[PDB]
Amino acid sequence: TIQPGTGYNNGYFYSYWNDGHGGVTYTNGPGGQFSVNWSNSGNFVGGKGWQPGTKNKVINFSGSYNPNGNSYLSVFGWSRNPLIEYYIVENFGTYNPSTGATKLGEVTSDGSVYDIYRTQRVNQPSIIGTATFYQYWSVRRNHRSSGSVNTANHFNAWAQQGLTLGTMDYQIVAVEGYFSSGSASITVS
């Protein structure tokens, strides 16, 4: 594993964060590749991509994703002004992160319909400190662990629905886990 933090590896931005509970290892491989192995973890997020992201990026990903419990595989990032955390969820484990959330529409992109949702985080950690902020979600109906994400289709559908994004901060393909186990090996481009 590598040390939690952010940086560059083989031309790609990477972010690896965990809550210190233990049970998760993250490694950066050649090119846009990263691996995650976890067993009875706490909360963590790790992956590769770009700093800053863009609003018209076509993100390609490929590999394997084998969660055992609560975990997501997503295009994941933030905007500033307004502060927004966003997800384009390609696959997940035992928990659909939109459970109980307000549905804001649908969008068809890259071979599947996605359902759109908005949630809110109240006084939670963020890229600027403790804050209350919205989260935007596109949740893919047809799960997969390889493919291409035309981010503009999502960002445009969100904007159409009144879900506005500010200036992009980082934008990665991320494996997130919440107190679960699993393995993943993903290559980004």
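Heads up: residue numbers just count along the shown sequence, starting at 1.
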Do the C-alpha atoms of 34 to 42 or of 135 to 143 have the higher average B factor in the entry? 34 to 42
On average, are the C-alpha B-factors higher in 154 to 162 or in 117 to 125? 117 to 125
Reading the B-factor column of the entry, which of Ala101, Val107, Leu73, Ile84 has the highest value at its C-alpha atom? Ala101
For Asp19, the third of its chain by CA B-factor is the highest
How does the C-alpha B factor of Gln171 compare with the rest of the chain: lowest, middle or highest third? lowest
Report the third (lowest, middle or highest) to which the CA temperature factor of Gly77 belongs, ranking only the modelled residues of the same chain. lowest
